[PDB]
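Form deposited in one PDB entry, single chain, as C-alpha cells, below.
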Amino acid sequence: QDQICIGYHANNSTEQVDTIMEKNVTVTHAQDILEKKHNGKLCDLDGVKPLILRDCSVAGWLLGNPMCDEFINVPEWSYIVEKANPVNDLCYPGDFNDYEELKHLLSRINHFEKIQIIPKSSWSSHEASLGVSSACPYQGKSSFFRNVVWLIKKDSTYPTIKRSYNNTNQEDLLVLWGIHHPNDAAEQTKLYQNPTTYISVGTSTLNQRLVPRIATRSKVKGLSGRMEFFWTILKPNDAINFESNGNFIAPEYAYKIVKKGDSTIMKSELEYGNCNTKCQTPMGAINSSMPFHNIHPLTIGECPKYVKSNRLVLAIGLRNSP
C-alpha cells in the first residue's frame, strides 16, 4: 500500500547549543552572536588617523624632549596611542601640572599647529643659551626641551622680565611654561642672582604666581633639581603676561588648537596598519556587526558590548540526533 510521511531535516552537524532546560543539544544550524575576532592592528577611526607616540609621553612630545622623535606636522587625530611606560617623558625630571586633563583635552583634536611665539633670540637681558643639561642631549651634546627656554643670569644679574604675547591667531592656542626648583641657595644665587624669586602669569582667565621651592632631594637621572610645567589655552585676541625675576622656563613654541570632540589615550604596543574602523581595541581593530564581544575592555569607538563569555551560540536549525 502507498504512503505519505511527515518528518524533518537531519545532517552531519556536531554543532551543539545550550537551552534553559537542556545542555549540549546537537542542532542542524547555529550562529555565534559573540564576536571574538580582531585584525591585530591600530587603525584610523572613521578615516581619521590616530596620534601615535613611540617612546614619548604626551609631556615629552608637547615639550620638545630631545630624546624623543623629531616633531611631525600632524594637524588632526582621532585618538592618542601611548605605550604602557614610554621611555622618554621628561628628560629633565619634574612634574606636569593638570597633566591628565591636558592629555584628555588632547586625546582628540580637529586642528593642531606648532607655532613660534617668543623667539629664543629676543631675551637680550638674560642668558638663553646655557640652559642645557646632559640629561637632555640633542645631537650628542647637552641640551634641553626644544619648545621651551631655560633662562640663566647674564654676566652677573637677572633683571626683572616683563613679557607678553597676544594671540593674534584665529584659533585657541596651548601655551606651556615652567619653573626650575633648585637644590640650594648657592645654586639659586649661581643661576639667577636674585635669592627670593617669583614667576607671575596673567591672562583674561589666569592669575598665577609661582614660587620655586628650594629643597634637598634625591638624584633622578643624576639631578636633584626639578622642572615643573604649566599650561593654558589662550583665547583668540587675548594676551598672556609673564613677569619673573628668576627660575623662569619661558615659552618659545605653542600650539594652535581646535577641539570639536573627545576620546581618550589608548595604551598599546601595536603599530599602525593602514586601516579604518568604528571600534578600536589595544589588541587590534574590530569590524563590528555582532552585539557582543569578549576581546578587551579598553575600547574607543562604536563597539559591541564587552561581555565575559567564550561563546554565545543561537540555534537557527533544529534538533539533530542521528
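Start at 1 and count along the sequence shown; that's the residue number. By rigid core we mean the largest C-alpha set that fits within 1.5 Å across both forms.
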Given 267 to 275 and 50 to 58, the range whose Cα B-factors average higher in the PDB entry: 267 to 275
Mean CA temperature factor from the deposited coordinates, higher in 77 to 85 or in 151 to 159? 151 to 159
Largest Cα B-factor, entry values, listed residues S288, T281, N294, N65: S288
Per the coordinate record, which of the options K120, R213, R146, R226 holds the highest CA temperature factor? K120
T299 by Cα B-factor - lowest, middle or highest third of the modelled chain: lowest
Here the Cα B-factor of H29, set against its chain, lands in the third termed highest
Looking at the entry's B-factor column for C-alpha atoms only, identify whether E252 ranks in the lowest, middle or highest third of its chain. middle
Assigned third (lowest, middle, highest) for the C-alpha B factor of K141: highest
Determine, from the deposited record, the chain-internal third of the Cα B-factor for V313: lowest, middle or highest. lowest
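Quick note: we don't show the form deposited in another entry, though the next part is all about it.
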Shift of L314 between the shown form and the other one at or above 2 Å (CA, core fit): no
Core-aligned, is the CA shift for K278 between the shown form and the other one 2 angstroms or more? yes
Does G60 show a Cα shift reaching 2 Å between the shown form and the other one after rigid-core superposition? no
Closer or farther: how do the CA atoms of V132 and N73 lie in that other deposited form, compared with the form shown, if the change is at least 3 Å? closer
